[PDB]
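Peer 1: Below: one structure in structure tokens.
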Amino acid sequence: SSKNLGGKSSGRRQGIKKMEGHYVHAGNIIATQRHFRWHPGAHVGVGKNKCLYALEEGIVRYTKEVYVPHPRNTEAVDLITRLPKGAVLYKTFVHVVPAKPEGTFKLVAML
Amino acid sequence: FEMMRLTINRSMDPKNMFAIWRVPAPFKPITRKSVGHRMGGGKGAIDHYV
RNA sequence: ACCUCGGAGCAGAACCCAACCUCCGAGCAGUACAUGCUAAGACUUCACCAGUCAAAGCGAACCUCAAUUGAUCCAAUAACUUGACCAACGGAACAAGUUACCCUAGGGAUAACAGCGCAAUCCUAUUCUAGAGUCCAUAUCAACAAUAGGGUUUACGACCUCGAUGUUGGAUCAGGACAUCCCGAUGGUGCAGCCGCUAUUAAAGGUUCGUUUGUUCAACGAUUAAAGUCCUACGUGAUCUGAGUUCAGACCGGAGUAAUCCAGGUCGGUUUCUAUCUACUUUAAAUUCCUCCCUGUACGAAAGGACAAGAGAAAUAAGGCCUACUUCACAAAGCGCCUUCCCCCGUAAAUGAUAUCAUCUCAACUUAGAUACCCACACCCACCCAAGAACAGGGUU
RNA sequence: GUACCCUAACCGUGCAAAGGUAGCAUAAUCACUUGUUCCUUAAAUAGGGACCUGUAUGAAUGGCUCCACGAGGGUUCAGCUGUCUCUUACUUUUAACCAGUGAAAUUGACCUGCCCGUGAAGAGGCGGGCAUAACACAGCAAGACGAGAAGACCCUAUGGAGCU
RNA sequence: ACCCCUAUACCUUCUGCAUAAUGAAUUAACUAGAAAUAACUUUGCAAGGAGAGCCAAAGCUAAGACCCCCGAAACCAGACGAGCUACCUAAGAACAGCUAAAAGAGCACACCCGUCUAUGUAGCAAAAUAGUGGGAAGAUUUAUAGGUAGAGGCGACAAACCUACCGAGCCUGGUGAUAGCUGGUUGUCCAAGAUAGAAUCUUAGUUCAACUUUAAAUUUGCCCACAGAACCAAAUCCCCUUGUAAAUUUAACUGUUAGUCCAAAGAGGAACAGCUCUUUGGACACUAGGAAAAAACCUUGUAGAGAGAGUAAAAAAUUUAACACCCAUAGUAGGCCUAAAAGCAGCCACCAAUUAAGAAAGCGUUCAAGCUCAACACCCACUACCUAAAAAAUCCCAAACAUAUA
Ligand SMILES: C[NH+](C)c1cc(NC(=O)CNC(C)(C)C)c(O)c2c1C[C@H]1C[C@H]3[C@H]([NH+](C)C)C(O)=C(C(N)=O)C(=O)[C@@]3(O)C(O)=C1C2=O
Ligand SMILES: [Mg+2]
Ligand SMILES: [Mg+2]
Ligand SMILES: [Mg+2]
Ligand SMILES: [Mg+2]
Ligand SMILES: [Mg+2]
Ligand SMILES: [Mg+2]
Ligand SMILES: [Mg+2]
Ligand SMILES: [Mg+2]
Ligand SMILES: [Mg+2]
Ligand SMILES: [Mg+2]
Ligand SMILES: [Mg+2]
Ligand SMILES: [Mg+2]
Ligand SMILES: [Mg+2]
Ligand SMILES: [Mg+2]
Ligand SMILES: [Mg+2]
Ligand SMILES: [Mg+2]
Ligand SMILES: [Mg+2]
Ligand SMILES: [Mg+2]
Ligand SMILES: [Mg+2]
Ligand SMILES: [Mg+2]
Ligand SMILES: [Mg+2]
Ligand SMILES: [Mg+2]
Ligand SMILES: [Mg+2]
Ligand SMILES: [Mg+2]
Ligand SMILES: [Mg+2]
Ligand SMILES: [Mg+2]
Ligand SMILES: [Mg+2]
Ligand SMILES: [Mg+2]
Ligand SMILES: [Mg+2]
Ligand SMILES: [Mg+2]
Ligand SMILES: [Mg+2]
Ligand SMILES: [Mg+2]
Ligand SMILES: [Mg+2]
Ligand SMILES: [Mg+2]
Ligand SMILES: [Mg+2]
Ligand SMILES: [Mg+2]
Ligand SMILES: [Mg+2]
Ligand SMILES: [Mg+2]
Ligand SMILES: [Mg+2]
Ligand SMILES: [Mg+2]
Ligand SMILES: [Mg+2]
Ligand SMILES: [Mg+2]
Ligand SMILES: [Mg+2]
Ligand SMILES: [Mg+2]
């Protein structure tokens, strides 16, 4: 018998690839996730499988910030506009603190 | 449950005593395979509840 | 039954994590037509293949979804591109059955018998006191349920053995347990007696012949004091059998196109071994039934009808012997004759304290409660023997 | 569905090429199965006679009777007898002793005991106990998972072969 | 010399063998690791090297050093076989006696065959002997020659027979067939060394990873501080110190990829299994001591000699059931229901006299009647340990011991 079939898929190997304080170069994938567990913050972009990658080069910091969705996000705005007064949502965000300056001015000629 | 209910209902005095359960009805299902079956071949059908 | 892909649990919190584990799905659809080009940095389903995200830049504008899928060769095409339920989904370009006529290499890595583990099932004992038993739980039986035990069934597991652990019943010989079928002792009874029912103790002794069936079993006939339950590699095939069962022949019914097959029936069908080692090869106390009397007594309204004590007669079992009978004949035998001797423990009572009564006492205490056989020992060359395989032994006056 | 049970001469409906006819029948026949009844026996899962959709009989896959015949399978009367109750006696062979000649399978080494326990789960060899001078000859078959044949069943192998 | 003490042959195979798993009587002799691509080491020469050809952004040339033995059933080619047997051809031979005289007739020799039994089973015999049997004038038996041959013959189909193993003869060759399977694989000494997984006509194998080994180069590797990792338990991830000395990369390969118990979290099954499946962690497949013997439990690891010493783990404890004495009139057969139900079938109430008794707590009666408890008095005082089994098969199993200072 045993009429249950399927369920043989392997693990997705998702989750955090870069924790706190890890030095991260530009484009490095920080986290891979099936749902929005960690949200993109400062200098962190999100890819269409909801992956999180660094837009700048620096230090990964996880913070907890208030959640204000876009006014075109219909279901999220519905949850907001049904929330009770005095309450605010909080989400875990991922930031990259840029370590290097954008560039320097240096002498090249003595015209 | 039948042992408890019959014994207490027989021995109690319904004019000056009262009894209640503090245990819910049998809900957890216990399954038994067929008699003489070899190991494997799926999980057995639900037999009773505890 | 499944074989590929995805989601959830198992796997609670980085990752990963199995089962012929528990559930749910997938082999698309919809939009767009820049769903263009190019390129830092990364992720990765534990390998590889495959898969995934993406800054900047050029050029424009001002994708949803969870899986939704298939390598290489090769084929089609001018090119760009496009080809499998290759679903056994890392895919052989294209190949089914059957074999008891079978063969080989291996496997106790793996089944059948046996052992072992376990005890679901099976069996037993207790606890509880519903109920049945006119009344009455506990003379007897016993529901729901609990505790404990056994290893006789059917399984389940796959640990020894496949460079063989031979098999069902039967013969022969039995060893053991007691959860006793009979005989012994005792307590209770809804035990008047005879019979019973139930429980405690007892394993010395015993436990039949036949018809059908290969049967273990089962049914039936005739008895008996009883015709026990088991274990012993379902005791025992280098002691036997081979009726059955699962080799080669064949038939019937059925299945299949056929070969062939049936956990269906039927007829037939080779059972080897010179014993090396261990072990062993003469250990004298017997039980039971029946008859008579007790006695038509006890008991009982009657019908029925004992237990003790004692006498006799057998039967079997063990040991032995030939007077007669019988097979037979300087003798060996049974179908014949002779002999056969102790208890056994469950409990029932007396006195009497802890507890100045009582109380049978895990109180001190009282009562019920073997002998036999054998026994000396360089006459020995040789002969004889009721002694003996050889050896040994007895006699030789 | 239809004549108290059973059973339909009967009616209705559907499919097929035809819907098993005569005969026999619990079979050398799937399960029921030791079918029911009579004979045979003291007693019958046997044998013979009868009934019977045989729910899987059946007509040259030949059906059913019948005369002879059969080292075919089954039953039986009577007799016979050691088949047995229940075994005994003798002779021959074998046997055992003396003499002559003289193999084979087997064999890790052995100075090769019993009980209980243990352990790759059944011990001569391990643990605890018990027993124990040495060595021949005859006999037995309980054990040495005894000897023989790289299991005749079962499974495996991208091993074979015969047949359809 | 034995007696005392210690001590479960070896090889292979395996999760694990004293195993009652394999092989081996013993002696002597014979009998099993062949090589490339690269790499590494050591030379020579060097932007070139090599005795043409080739390679070259330090290379090239030369050397060293590395890859076993035995075994199938089979398949094909060419020969040799019908002096046995299957069938056939040529020409022969045998069949007493009796019934009836005709017969694929009957009894029955010779003769042919082989039904049943027993013996034999390395035998007398690689199929026999003894008795018992079927046939014995025919589709019989038999001597001689010849024929049909293997992708075949021949067959009154047994898939029989074809020179003593014919589901396809035998011999030679291909051939040293092939074997993911079994067996075996030979001096000494030291060192490092234990198992995530994925694919696969694959699960008895292999390739990649993982682990392991060697040689190099380099700098961090393990242990970890705070802060940090999500909505719908134990812990882990990350990680500076600190304690330590390893780690990564480069080069070159093998082998392991058929796994056991224990503790923990779970799953399947019976909240069975010395069961099966994952995960974390030990131990085992390596030593020693202990738990009796002993894989997996406990103690302990780095090697030798000693007739020294301190220790680790390390020896099971329990023995259970006495419980009072004395007393009892009565308002009433409380009311209702019922034939009666009287304290006691079922209902309502539960007052009330004696000093002190429930309009009755058990029994017991058809109902009654009866006898115990609760109550007076009595008195020393309720004396009150609050606990509980037994079975199997050869023969119980160390001997024993309560009392000399941890
Ligand atoms: C003992 N008999 C009944 C027998 C039984 C089986 N089957 C079993 O193993 C069955 N045993 C169980 C019941 C399963 C435990 C058997 O498998 C066999 C045989 C017989 C042999 C005879 C063989 C014979 N040789 C070897 C003595 C022979 O030469 C021939 C012949 N006709 O040439 C054979 O047929 C023979 O080899 C053979 O096939 C036998 C068996 O296979
Ligand atoms: Mg999953
Ligand atoms: Mg998986
Ligand atoms: Mg990867
Ligand atoms: Mg861009
Ligand atoms: Mg496949
Ligand atoms: Mg595949
Ligand atoms: Mg056959
Ligand atoms: Mg074989
Ligand atoms: Mg078994
Ligand atoms: Mg009652
Ligand atoms: Mg296993
Ligand atoms: Mg075997
Ligand atoms: Mg052997
Ligand atoms: Mg053997
Ligand atoms: Mg008893
Ligand atoms: Mg047996
Ligand atoms: Mg034997
Ligand atoms: Mg055979
Ligand atoms: Mg015959
Ligand atoms: Mg024999
Ligand atoms: Mg021996
Ligand atoms: Mg004939
Ligand atoms: Mg001699
Ligand atoms: Mg033993
Ligand atoms: Mg002897
Ligand atoms: Mg074999
Ligand atoms: Mg394979
Ligand atoms: Mg094994
Ligand atoms: Mg051992
Ligand atoms: Mg031995
Ligand atoms: Mg063996
Ligand atoms: Mg051995
Ligand atoms: Mg083997
Ligand atoms: Mg081939
Ligand atoms: Mg000829
Ligand atoms: Mg004739
Ligand atoms: Mg004749
Ligand atoms: Mg045939
Ligand atoms: Mg055949
Ligand atoms: Mg080879
Ligand atoms: Mg070492
Ligand atoms: Mg595969
Ligand atoms: Mg393989
Ligand atoms: Mg296991």
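Going by the structure tokens order, chains are called A, B, ..., each with residues numbered from 1, while ligands are numbered from 1 in the order shown.
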Please identify every residue of chain C that has at least one atom no farther than 12 Å from an atom of chain A, counting only C-alpha atoms (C1' of nucleotides), and for each give the shortest atom pair and the distance in Å to one decimal, arranged by chain then increasing number, as a Markdown table.

Peer 2:
| residue | atom | partner | partner_atom | distance |
| --- | --- | --- | --- | --- |
| C:1 | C1' | A:1 | CA | 6.0 |
| C:2 | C1' | A:5 | CA | 8.3 |
| C:3 | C1' | A:5 | CA | 10.8 |
| C:4 | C1' | A:6 | CA | 9.8 |
| C:5 | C1' | A:9 | CA | 7.7 |
| C:6 | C1' | A:9 | CA | 7.0 |
| C:7 | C1' | A:7 | CA | 8.3 |
| C:8 | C1' | A:7 | CA | 9.3 |
| C:9 | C1' | A:7 | CA | 10.7 |
| C:10 | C1' | A:7 | CA | 11.9 |
| C:11 | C1' | A:11 | CA | 11.0 |
| C:14 | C1' | A:16 | CA | 6.8 |
| C:15 | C1' | A:13 | CA | 6.1 |
| C:16 | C1' | A:11 | CA | 7.3 |
| C:17 | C1' | A:11 | CA | 9.3 |
| C:18 | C1' | A:8 | CA | 10.6 |
| C:19 | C1' | A:2 | CA | 11.3 |
| C:20 | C1' | A:2 | CA | 6.3 |
| C:21 | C1' | A:2 | CA | 8.7 |
| C:22 | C1' | A:4 | CA | 8.0 |
| C:23 | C1' | A:4 | CA | 7.6 |
| C:24 | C1' | A:7 | CA | 9.3 |
| C:25 | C1' | A:6 | CA | 8.9 |
| C:26 | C1' | A:6 | CA | 10.2 |
| C:40 | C1' | A:27 | CA | 7.9 |
| C:41 | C1' | A:27 | CA | 4.6 |
| C:42 | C1' | A:28 | CA | 4.6 |
| C:43 | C1' | A:29 | CA | 6.6 |
| C:44 | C1' | A:13 | CA | 7.8 |
| C:45 | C1' | A:10 | CA | 5.5 |
| C:46 | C1' | A:13 | CA | 9.6 |
| C:51 | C1' | A:12 | CA | 11.8 |
| C:52 | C1' | A:49 | CA | 8.6 |
| C:53 | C1' | A:47 | CA | 5.7 |
| C:54 | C1' | A:27 | CA | 6.5 |
| C:55 | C1' | A:27 | CA | 6.1 |
| C:56 | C1' | A:55 | CA | 10.6 |
| C:63 | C1' | A:48 | CA | 10.4 |
| C:64 | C1' | A:48 | CA | 11.1 |
| C:65 | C1' | A:49 | CA | 11.3 |
| C:66 | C1' | A:34 | CA | 10.0 |
| C:67 | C1' | A:9 | CA | 10.2 |

Peer 1: Can I get the residues close to ligand 23 as a list in words, where close means within 9 Å and we count only C-alpha atoms (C1' of nucleotides) and all ligand atoms?

Peer 2: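 The residues within 9 Å of ligand 23, counting only C-alpha atoms (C1' of nucleotides) and all ligand atoms, are residues 69 and 70 of chain D; 134 and 135 of chain E.
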
Peer 1: Go ahead and save the residues from that selection, with C-alpha atoms (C1' of nucleotides), as a PDB file, in the first residue's frame.

Peer 2:
ATOM      1  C1'   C D  69      -7.313 -59.125 -21.559  1.00  0.00           C
ATOM      2  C1'   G D  70      -3.632 -56.318 -17.583  1.00  0.00           C
TER       3        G D  70
ATOM      4  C1'   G E 134       5.880 -60.585 -18.061  1.00  0.00           C
ATOM      5  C1'   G E 135       6.514 -62.991 -22.804  1.00  0.00           C
TER       6        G E 135
END

Peer 1: Near chain B, meaning an atom within 7 Å, which residues of chain C appear when counting only C-alpha atoms (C1' of nucleotides)? Write them as number ranges by chain.

Peer 2: C: 20, 144-145, 155-156

Peer 1: Neighbours of ligand 24 at 12 Å or closer, counting only C-alpha atoms (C1' of nucleotides) and all ligand atoms: which residues, as an NGL selection string?

Peer 2: :D and (96-102)

Peer 1: Please identify the residues whose atoms come within 10 Å of ligand 22, using only C-alpha atoms (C1' of nucleotides) and all ligand atoms, and report them as an MDAnalysis selection string.

Peer 2: (chainID C and resid 276:279) or (chainID D and resid 110 112:113 124 143:144)

Peer 1: Just the selected residues (N, CA, C and O atoms (P, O5', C5', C4', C3', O3' and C1' of nucleotides)), exported as a PDB file, in the first residue's frame, please.

Peer 2:
ATOM      1  P     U C 276      37.038 -47.496  15.784  1.00  0.00           P
ATOM      2  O5'   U C 276      37.932 -46.262  15.327  1.00  0.00           O
ATOM      3  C5'   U C 276      39.255 -46.087  15.809  1.00  0.00           C
ATOM      4  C4'   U C 276      39.553 -44.632  16.074  1.00  0.00           C
ATOM      5  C3'   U C 276      38.895 -44.038  17.310  1.00  0.00           C
ATOM      6  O3'   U C 276      39.609 -44.322  18.501  1.00  0.00           O
ATOM      7  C1'   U C 276      38.565 -42.588  15.473  1.00  0.00           C
ATOM      8  P     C C 277      38.823 -44.566  19.881  1.00  0.00           P
ATOM      9  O5'   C C 277      38.461 -43.101  20.385  1.00  0.00           O
ATOM     10  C5'   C C 277      39.466 -42.118  20.585  1.00  0.00           C
ATOM     11  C4'   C C 277      38.846 -40.777  20.871  1.00  0.00           C
ATOM     12  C3'   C C 277      37.785 -40.776  21.957  1.00  0.00           C
ATOM     13  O3'   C C 277      38.311 -40.760  23.270  1.00  0.00           O
ATOM     14  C1'   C C 277      36.958 -39.630  20.076  1.00  0.00           C
ATOM     15  P     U C 278      37.607 -41.639  24.415  1.00  0.00           P
ATOM     16  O5'   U C 278      36.324 -40.786  24.816  1.00  0.00           O
ATOM     17  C5'   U C 278      36.465 -39.439  25.237  1.00  0.00           C
ATOM     18  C4'   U C 278      35.144 -38.721  25.334  1.00  0.00           C
ATOM     19  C3'   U C 278      34.080 -39.393  26.175  1.00  0.00           C
ATOM     20  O3'   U C 278      34.286 -39.224  27.564  1.00  0.00           O
ATOM     21  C1'   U C 278      33.116 -38.595  24.170  1.00  0.00           C
ATOM     22  P     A C 279      34.109 -40.473  28.556  1.00  0.00           P
ATOM     23  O5'   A C 279      32.540 -40.731  28.569  1.00  0.00           O
ATOM     24  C5'   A C 279      31.638 -39.724  28.996  1.00  0.00           C
ATOM     25  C4'   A C 279      30.227 -40.056  28.590  1.00  0.00           C
ATOM     26  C3'   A C 279      29.746 -41.440  28.980  1.00  0.00           C
ATOM     27  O3'   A C 279      29.324 -41.513  30.330  1.00  0.00           O
ATOM     28  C1'   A C 279      29.204 -41.033  26.719  1.00  0.00           C
TER      29        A C 279
ATOM     30  P     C D 110      49.314 -34.161  16.945  1.00  0.00           P
ATOM     31  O5'   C D 110      48.702 -34.034  18.409  1.00  0.00           O
ATOM     32  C5'   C D 110      47.332 -34.302  18.667  1.00  0.00           C
ATOM     33  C4'   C D 110      46.926 -33.777  20.011  1.00  0.00           C
ATOM     34  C3'   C D 110      46.285 -34.797  20.928  1.00  0.00           C
ATOM     35  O3'   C D 110      47.270 -35.563  21.596  1.00  0.00           O
ATOM     36  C1'   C D 110      45.008 -32.796  20.924  1.00  0.00           C
ATOM     37  P     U D 112      43.673 -36.869  26.400  1.00  0.00           P
ATOM     38  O5'   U D 112      42.918 -35.779  25.518  1.00  0.00           O
ATOM     39  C5'   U D 112      42.153 -34.743  26.124  1.00  0.00           C
ATOM     40  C4'   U D 112      40.735 -34.700  25.601  1.00  0.00           C
ATOM     41  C3'   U D 112      39.888 -35.937  25.892  1.00  0.00           C
ATOM     42  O3'   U D 112      38.546 -35.547  26.187  1.00  0.00           O
ATOM     43  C1'   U D 112      39.971 -35.564  23.561  1.00  0.00           C
ATOM     44  P     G D 113      38.037 -35.614  27.708  1.00  0.00           P
ATOM     45  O5'   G D 113      36.648 -34.827  27.727  1.00  0.00           O
ATOM     46  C5'   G D 113      35.414 -35.487  27.474  1.00  0.00           C
ATOM     47  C4'   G D 113      34.796 -36.056  28.734  1.00  0.00           C
ATOM     48  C3'   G D 113      33.562 -35.351  29.274  1.00  0.00           C
ATOM     49  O3'   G D 113      32.378 -35.700  28.579  1.00  0.00           O
ATOM     50  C1'   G D 113      35.047 -35.822  31.053  1.00  0.00           C
ATOM     51  P     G D 124      30.719 -30.403  23.922  1.00  0.00           P
ATOM     52  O5'   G D 124      31.846 -31.136  24.772  1.00  0.00           O
ATOM     53  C5'   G D 124      31.968 -30.913  26.168  1.00  0.00           C
ATOM     54  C4'   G D 124      33.402 -31.039  26.609  1.00  0.00           C
ATOM     55  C3'   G D 124      34.264 -29.810  26.376  1.00  0.00           C
ATOM     56  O3'   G D 124      34.173 -28.904  27.458  1.00  0.00           O
ATOM     57  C1'   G D 124      35.387 -31.757  25.602  1.00  0.00           C
ATOM     58  P     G D 143      22.398 -37.579  18.252  1.00  0.00           P
ATOM     59  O5'   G D 143      23.721 -36.846  18.745  1.00  0.00           O
ATOM     60  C5'   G D 143      23.638 -35.619  19.452  1.00  0.00           C
ATOM     61  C4'   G D 143      24.971 -35.201  20.018  1.00  0.00           C
ATOM     62  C3'   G D 143      26.075 -34.917  19.014  1.00  0.00           C
ATOM     63  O3'   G D 143      25.966 -33.652  18.388  1.00  0.00           O
ATOM     64  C1'   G D 143      26.931 -36.274  20.724  1.00  0.00           C
ATOM     65  P     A D 144      26.437 -33.476  16.861  1.00  0.00           P
ATOM     66  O5'   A D 144      28.029 -33.509  16.938  1.00  0.00           O
ATOM     67  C5'   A D 144      28.737 -32.526  17.678  1.00  0.00           C
ATOM     68  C4'   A D 144      30.166 -32.934  17.948  1.00  0.00           C
ATOM     69  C3'   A D 144      31.112 -32.893  16.762  1.00  0.00           C
ATOM     70  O3'   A D 144      31.576 -31.587  16.479  1.00  0.00           O
ATOM     71  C1'   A D 144      31.446 -34.893  17.986  1.00  0.00           C
TER      72        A D 144
END

Peer 1: If you count only C-alpha atoms (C1' of nucleotides), which residues fall within 9 Å of residue 327 (chain C), apart from same-chain ones fewer than 4 positions away, as number ranges by chain?

Peer 2: C: 333-334; D: 88-89

Peer 1: Generate a file of the selected residues that holds C-alpha atoms (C1' of nucleotides), formatted as a PDB file, in the first residue's frame.

Peer 2:
ATOM      1  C1'   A C 333      12.688 -71.410  25.924  1.00  0.00           C
ATOM      2  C1'   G C 334       7.064 -69.638  27.156  1.00  0.00           C
TER       3        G C 334
ATOM      4  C1'   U D  88      11.489 -69.132  20.616  1.00  0.00           C
ATOM      5  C1'   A D  89      14.988 -73.399  18.949  1.00  0.00           C
TER       6        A D  89
END

Peer 1: Give the residues close to ligand 15, within 9 Å, counting only C-alpha atoms (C1' of nucleotides) and all ligand atoms; write them as a VMD selection string.

Peer 2: (chain C and resid 164 to 165) or (chain D and resid 145 to 148)

Peer 1: Convert the current residue selection to file output with N, CA, C and O atoms (P, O5', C5', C4', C3', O3' and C1' of nucleotides), as a PDB file, in the first residue's frame.

Peer 2:
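This went into again_6.pdb:
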ATOM      1  P     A C 164      29.987 -28.514   3.828  1.00  0.00           P
ATOM      2  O5'   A C 164      28.458 -28.798   4.136  1.00  0.00           O
ATOM      3  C5'   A C 164      27.437 -28.255   3.309  1.00  0.00           C
ATOM      4  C4'   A C 164      26.123 -28.254   4.037  1.00  0.00           C
ATOM      5  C3'   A C 164      25.967 -29.394   5.039  1.00  0.00           C
ATOM      6  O3'   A C 164      25.214 -28.935   6.157  1.00  0.00           O
ATOM      7  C1'   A C 164      24.263 -29.537   3.412  1.00  0.00           C
ATOM      8  P     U C 165      25.940 -28.067   7.297  1.00  0.00           P
ATOM      9  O5'   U C 165      25.071 -28.337   8.601  1.00  0.00           O
ATOM     10  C5'   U C 165      25.160 -29.571   9.295  1.00  0.00           C
ATOM     11  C4'   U C 165      23.923 -29.831  10.113  1.00  0.00           C
ATOM     12  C3'   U C 165      22.729 -30.399   9.365  1.00  0.00           C
ATOM     13  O3'   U C 165      22.809 -31.789   9.099  1.00  0.00           O
ATOM     14  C1'   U C 165      22.006 -28.604  10.698  1.00  0.00           C
TER      15        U C 165
ATOM     16  P     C D 145      31.518 -31.031  14.977  1.00  0.00           P
ATOM     17  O5'   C D 145      30.128 -30.259  14.905  1.00  0.00           O
ATOM     18  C5'   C D 145      29.354 -30.264  13.716  1.00  0.00           C
ATOM     19  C4'   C D 145      27.896 -30.508  14.011  1.00  0.00           C
ATOM     20  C3'   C D 145      26.972 -30.579  12.805  1.00  0.00           C
ATOM     21  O3'   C D 145      26.985 -31.842  12.165  1.00  0.00           O
ATOM     22  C1'   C D 145      26.020 -29.171  14.447  1.00  0.00           C
ATOM     23  P     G D 146      27.971 -32.108  10.927  1.00  0.00           P
ATOM     24  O5'   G D 146      29.186 -32.898  11.586  1.00  0.00           O
ATOM     25  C5'   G D 146      28.966 -33.797  12.661  1.00  0.00           C
ATOM     26  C4'   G D 146      30.010 -34.879  12.690  1.00  0.00           C
ATOM     27  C3'   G D 146      30.449 -35.380  11.320  1.00  0.00           C
ATOM     28  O3'   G D 146      31.499 -34.603  10.771  1.00  0.00           O
ATOM     29  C1'   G D 146      29.800 -37.213  12.639  1.00  0.00           C
ATOM     30  P     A D 147      31.464 -34.162   9.229  1.00  0.00           P
ATOM     31  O5'   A D 147      31.919 -35.467   8.444  1.00  0.00           O
ATOM     32  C5'   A D 147      33.266 -35.917   8.469  1.00  0.00           C
ATOM     33  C4'   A D 147      33.434 -37.114   7.572  1.00  0.00           C
ATOM     34  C3'   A D 147      33.062 -36.885   6.115  1.00  0.00           C
ATOM     35  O3'   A D 147      34.129 -36.340   5.358  1.00  0.00           O
ATOM     36  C1'   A D 147      31.982 -38.833   6.906  1.00  0.00           C
ATOM     37  P     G D 148      33.840 -35.228   4.237  1.00  0.00           P
ATOM     38  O5'   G D 148      33.104 -36.027   3.073  1.00  0.00           O
ATOM     39  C5'   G D 148      33.743 -37.090   2.379  1.00  0.00           C
ATOM     40  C4'   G D 148      32.768 -37.787   1.466  1.00  0.00           C
ATOM     41  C3'   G D 148      32.064 -36.884   0.466  1.00  0.00           C
ATOM     42  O3'   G D 148      32.820 -36.741  -0.722  1.00  0.00           O
ATOM     43  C1'   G D 148      30.479 -38.278   1.567  1.00  0.00           C
TER      44        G D 148
END

Peer 1: Kindly provide, as JSON, numbers by chain, all nucleotide and amino acid residues lying within 9 Å of ligand 25, counting only C-alpha atoms (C1' of nucleotides) and all ligand atoms.

Peer 2: {"D": [116, 117, 118, 122, 123]}

Peer 1: I want to know what sits within 12 Å of residue 72 (chain D), based on only C-alpha atoms (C1' of nucleotides), with residues of the same chain fewer than 2 positions away left out; could you give that as a PDB file with C-alpha atoms (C1' of nucleotides), in the first residue's frame?

Peer 2:
ATOM      1  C1'   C C 267      -1.128 -43.530 -10.385  1.00  0.00           C
ATOM      2  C1'   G C 268       4.405 -44.449 -10.235  1.00  0.00           C
TER       3        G C 268
ATOM      4  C1'   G D  70      -3.632 -56.318 -17.583  1.00  0.00           C
ATOM      5  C1'   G D  74      -8.828 -49.697  -5.300  1.00  0.00           C
TER       6        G D  74
ATOM      7  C1'   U E 115       7.153 -56.722 -11.703  1.00  0.00           C
TER       8        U E 115
END

Peer 1: Tell me, which residues of region 15-92 of chain A carry DSSP strand (DSSP E or B), written as number ranges by chain?

Peer 2: A: 15-16, 23-24, 29-32, 39-40, 44-47, 51-54, 58-66, 90-92

Peer 1: Pull C-alpha atoms from the residues just selected and write them as a tab-separated table (two decimals), in the first residue's frame.

Peer 2:
chain	number	residue	atom	x	y	z
A	15	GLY	CA	19.04	30.93	5.05
A	16	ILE	CA	21.76	33.37	6.09
A	23	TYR	CA	32.95	41.97	5.55
A	24	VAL	CA	30.90	41.83	2.37
A	29	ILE	CA	24.33	37.38	-1.57
A	30	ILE	CA	23.52	37.95	2.10
A	31	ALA	CA	20.47	35.74	2.58
A	32	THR	CA	18.30	33.38	0.54
A	39	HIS	CA	13.80	42.54	4.62
A	40	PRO	CA	16.17	44.70	2.54
A	44	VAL	CA	20.87	45.87	0.26
A	45	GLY	CA	19.02	44.92	-2.91
A	46	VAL	CA	16.46	42.16	-3.36
A	47	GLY	CA	16.31	39.74	-6.28
A	51	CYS	CA	17.19	36.94	-2.31
A	52	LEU	CA	19.20	39.61	-0.49
A	53	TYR	CA	22.46	40.90	-1.95
A	54	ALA	CA	24.79	43.75	-1.05
A	58	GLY	CA	30.92	46.92	3.82
A	59	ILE	CA	29.63	45.44	7.08
A	60	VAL	CA	26.33	43.57	7.48
A	61	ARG	CA	24.09	44.78	10.31
A	62	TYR	CA	20.70	43.32	11.24
A	63	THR	CA	18.28	45.81	12.76
A	64	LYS	CA	14.60	45.95	13.67
A	65	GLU	CA	12.64	48.77	12.07
A	66	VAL	CA	9.06	49.90	11.72
A	90	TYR	CA	8.19	45.75	13.19
A	91	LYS	CA	10.35	43.80	10.77
A	92	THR	CA	13.95	42.59	10.70
